[PDB]
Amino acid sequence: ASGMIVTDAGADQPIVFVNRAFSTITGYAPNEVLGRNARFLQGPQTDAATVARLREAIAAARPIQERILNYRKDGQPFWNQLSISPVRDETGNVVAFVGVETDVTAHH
């Protein structure tokens, strides 16, 4: 099952909702992530160029897909097939961002 993250549109995109699969994939409970920017999923082996592409796309409210190395709450790495899109009203205003996370690590 794929995770879903919903964030606020503005001011560093704090998480406002995660689905159950997000907790299965990442090991974080909703309590532990609400109000935070999702960058806490990254760590030392995360590719900086990938993070830069995400940062520029989100600032521009442009959809983006990347494979990015992320980390579970207890530090276990996983590859995240990540897709982020703005949610817009019909006037084009960004209401939120939605991200889908698929664990594409062969853990076992």
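The first residue of the sequence shown is number 1, and the count goes up from there.
Which is higher on mean Cα B factor in this entry, 86 to 94 or 16 to 24?
The recorded data point to 86 to 94.
Quick one: which of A38, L54, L34, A61 shows the highest Cα temperature factor in the PDB entry?
Top of the list by C-alpha B-factor: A61.
Lowest, middle or highest third: where is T7 by C-alpha B factor in its chain?
As the PDB entry reports it, the C-alpha B-factor of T7 lands in the lowest third of its chain.
When the modelled residues of the chain are sorted by Cα temperature factor, does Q81 land in the lowest, middle or highest third?
According to the entry, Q81 has a C-alpha B-factor in the chain's middle third.
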